Amino acid sequence: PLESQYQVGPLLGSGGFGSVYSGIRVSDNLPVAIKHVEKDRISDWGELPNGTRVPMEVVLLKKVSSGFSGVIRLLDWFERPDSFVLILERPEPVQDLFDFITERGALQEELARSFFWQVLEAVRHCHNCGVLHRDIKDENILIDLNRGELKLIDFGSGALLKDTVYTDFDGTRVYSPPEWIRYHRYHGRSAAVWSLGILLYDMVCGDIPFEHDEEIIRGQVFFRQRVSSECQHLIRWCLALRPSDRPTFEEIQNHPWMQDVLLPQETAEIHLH
Ligand SMILES: COc1c(O)cc2oc(-c3ccc(O)cc3)cc(=O)c2c1O
């Protein structure tokens with residue numbers, strides 16, 4: 001009985017993902033986020049080990065929600081006649097990376113390094129768990145402003161990770177790779193790496209590098225803010241036009257720009273408090 005266990009608060013947001021509310025679990029006052037998704041708007045379905053028809057999003061969240069992480073944790077879910085309701089952990093205080101960048105503009109490289117590193121660790125965790133997010137971008141990253149810890153949120157466009165080609169995509173187009181634009185084909189890891197290149201550029205420049213399809217497939221990167229050569233190099237590497245010319249996660253994290261990352265707590269003390 002959903003209505004009983006949780007006390008619902010203000011609507012946090014709504015859009016392609018559904019409607020998400022602030023809430024608190026009655027039993028122990030735990031902060032929570034309560035996400036409603038209408039059934040008729042769910043295209044991708046899956047099955048629990050148990051073998052129950054649920055949204056893929058729930059399957060993926062269960063796969064990654066084991067242990068601690070830079071990934072939002074699913075605490076519970078409920079089915080209703082016309083919708084599924086998901087109960088997720090809610091950090092407090094929090095701000096999404098899109099709003100944070102709106103407010104503060106292009107981020108100092110030290111801060112972008114710390115943030116980008118944590119995104120990489122979260123994405124690796126998803127991939128280790130057999131999950132491909134497919135919509136990595138600033139709007140899908142929450143900052144725990146007190147702990148300086150980032151977390152990945154909306155798995156609504158995700159899929160099981162596989163080594164064969166994907167021919168479907170319903171993530172964010174301006175973060176989608178040229179091979180998707182030209183051929184409607186991509187492989188998971190290398191498409192993720194492209195979206196990570198877009199994200200890093202977004203962090204250090206305060207906006208995404210490409211708006212239009214033709215810019216995406218041309219793949220020419222213009223830097224509108226002062227950005228160090230090492231950071232430009234990593235970004236251009238992530239945005240290589242040929243999928244196989246993109247770095248692996250290991251190569252990103254071994255990149256010279258990625259060395260000597262701040263810890264999350266230092267990150268909050270220096271840049272968020
Ligand atoms: C996994 O799917 C989602 C999603 O699609 C949107 C979300 O939004 C929030 C949130 C919290 C505070 C804000 O100020 C704004 C958003 C928390 C979530 O946990 C959350 C979520 O798990």
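The residues of the chain are indexed from 1 along the displayed sequence.
- Using a 4.0 Å cut-off between charged side-chain N and carboxylate O, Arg134 and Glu57 make no salt bridge.
- Between the CZ atom in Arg147 and the CG atom in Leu263 there is a gap of 13.5 Å [rounded to 0.5 Å].
- Once rounded to the nearest 0.5 Å, the distance linking OG of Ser157 with OH of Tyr175 reads 13.5 Å.
- The backbone N or O of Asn146 sits less than 3.5 Å from a side-chain atom of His273, completing a donor-acceptor pair.
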Would you mind writing out the side-chain donor-acceptor pairs for residues 60-68 within the sub-3.5 Å range, not counting sequence neighbours?
unit_1 : atom_1 : unit_2 : atom_2 : d
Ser65  : OG     : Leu61  : O      : 2.6
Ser65  : OG     : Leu74  : N      : 3.0

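- Linking ILVMFWY residues whenever their side-chain heavy atoms come closer than 4.5 Å, directly or via other members, leaves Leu142 and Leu75 in distinct clusters.
- In this structure, CH2 in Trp257 is found 11.0 Å from CD in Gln259, a value given to the nearest 0.5 Å.
- Under the 4.5 Å side-chain heavy-atom criterion for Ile, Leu, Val, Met, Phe, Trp and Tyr, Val119 and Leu107 are members of the same hydrophobic cluster.
- Checked for salt-bridge contact, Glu250 and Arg124 miss the test: no charged N lies under 4.0 Å from a carboxylate O.
- Side-chain atoms of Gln5 never come within 3.5 Å of backbone atoms of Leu2 as a donor-acceptor pair (strictly under, hydrogens ignored).
- In terms of hydrophobic clustering, with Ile, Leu, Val, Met, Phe, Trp and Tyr side chains grouped at heavy-atom distances under 4.5 Å, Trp194 and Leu97 are assigned to a common cluster.
- No donor-acceptor distance shorter than 3.5 angstrom exists from the side chain of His187 to the backbone of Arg189, with no hydrogens or angles considered.
- With rounding to the nearest 0.5 angstrom, the CG atom of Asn140 is 14.5 Å from the NZ atom of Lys151.
- Inspection of the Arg90 and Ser22 side chains reveals an N or O donor paired with an N or O acceptor under 3.5 Å.
- A 4.5 Å side-chain heavy-atom check between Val221 and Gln232 finds every atom pair outside the cut-off.
- Within 6.0 Å of atom CD in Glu47, more than 12 heavy atoms from other residues, nucleotides or ligands are found, so the atom counts as buried in its surroundings.
- Of the possible polar contacts, one joining the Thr102 side chain to the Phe98 backbone as a donor-acceptor pair under 3.5 Å is found.
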Evaluate the ring pair (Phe, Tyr, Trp, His ring centres under 6.0 Å) criterion for residues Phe100 and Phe115: first the C-alpha distance (whole Å), next the side-chain angles of each, then the deciding distance (0.1 Å), finally the verdict. CA-CA 12 Å; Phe100 182 90; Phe115 282 6; 5.7 Å; yes
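- Sorted by first and then second residue, the salt bridge (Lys or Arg N to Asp or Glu O under 4.0 Å) pairs with a member in residues 19-33 read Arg25-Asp28; sequence neighbours excluded.
- Taking the six-membered ring where the residue is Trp, the centroids of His184 and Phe169 are separated by 6.0 Å or more.
- A salt bridge links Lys39 with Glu79: at least one charged nitrogen is closer than 4.0 Å to a carboxylate oxygen.
- A salt bridge does not link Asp202 with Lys137: none of the charged nitrogens is closer than 4.0 Å to a carboxylate oxygen.
- A donor-acceptor pair under 3.5 Å is formed between the side chain of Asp154 and the backbone N or O of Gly156.
- Closest approach of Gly197 to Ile235, counting heavy atoms only: O-CG2, 4.0 Å.
- Here the CG atom belonging to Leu132 is positioned 9.5 Å from the CG atom belonging to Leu160, to the nearest 0.5 angstrom.
- At a threshold of 4.0 Å, the pair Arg113-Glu110 does not count as salt-bridged, since none of the basic side-chain nitrogens sits closer than that to a carboxylate oxygen.
- Donor-acceptor pairing under 3.5 Å is recorded for the side chains of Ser114 and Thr267.
- Residues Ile252 and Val193 have side chains in contact (heavy-atom distance under 4.5 Å, counting atoms from C-beta outward).
- Proximity of a side-chain donor or acceptor of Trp237 to a complementary backbone N or O of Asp245 within less than 3.5 Å is detected.
- Residues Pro178 and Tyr183 fail the side-chain proximity criterion, which asks for heavy atoms closer than 4.5 Å.
- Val165 places none of its side-chain heavy atoms less than 4.5 Å from the side chain of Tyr186.
- Within the 4.5 Å cutoff, the side chain of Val131 has heavy atoms near those of the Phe155 side chain.
- Here the CG atom belonging to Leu145 is positioned 13.5 Å from the NE2 atom belonging to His271, to the nearest 0.5 angstrom.
- Between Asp135 and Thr172, the side chains place a donor N or O and an acceptor N or O closer than 3.5 Å (distance only, hydrogens not considered).
- Under the 4.5 Å side-chain contact rule for hydrophobic residues, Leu152 and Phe249 share a cluster.
- A ring-ring contact (aromatic ring centres under 6.0 Å, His included) with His36 is found for one member of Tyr21, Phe78, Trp77 and no other, namely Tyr21.
- Between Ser228 and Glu109, the side chains place a donor N or O and an acceptor N or O closer than 3.5 Å (distance only, hydrogens not considered).
- Shown here is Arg218, whose CZ atom has no more than 12 heavy atoms of other residues, nucleotides or ligands within 6.0 Å.
- Between the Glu89 side chain and the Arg73 main chain, a donor and an acceptor come within less than 3.5 Å of each other.
- With a 6.0 Å radius and a threshold of 12 heavy atoms from other residues, nucleotides or ligands, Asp260 has its CG atom at or below the threshold.
- Listed here is the closest heavy atom pair of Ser4 and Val26: O-CG2, 3.9 Å.
- If you check the side chains of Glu121 and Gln253, you find a donor sitting under 3.5 Å from an acceptor.
- Remark: the backbone N or O of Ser83 is not paired with any side-chain donor or acceptor of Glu38 at under 3.5 angstrom.
- Considering all non-hydrogen atoms of both residues, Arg246 and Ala240 come closest at NE-O, 2.8 Å.
- Using a 4.5 Å heavy-atom threshold, the side chains of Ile141 and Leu199 count as touching.
- A donor-acceptor contact shorter than 3.5 Å is absent between the side chain of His233 and the backbone of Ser229.
- Panel note: side chain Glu215, backbone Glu211; a donor-acceptor pair is recorded below 3.5 Å.
- Note on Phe17 and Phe84: separate hydrophobic clusters, where clusters join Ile, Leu, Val, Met, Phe, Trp and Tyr whose side-chain heavy atoms are under 4.5 Å apart, directly or indirectly.
- Residues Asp96 and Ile143 form no side-chain contact, since every pair of their non-hydrogen atoms from C-beta on lies 4.5 Å or further apart.
- Between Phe223 and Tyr201 there is a side-chain heavy-atom pair separated by less than 4.5 Å.
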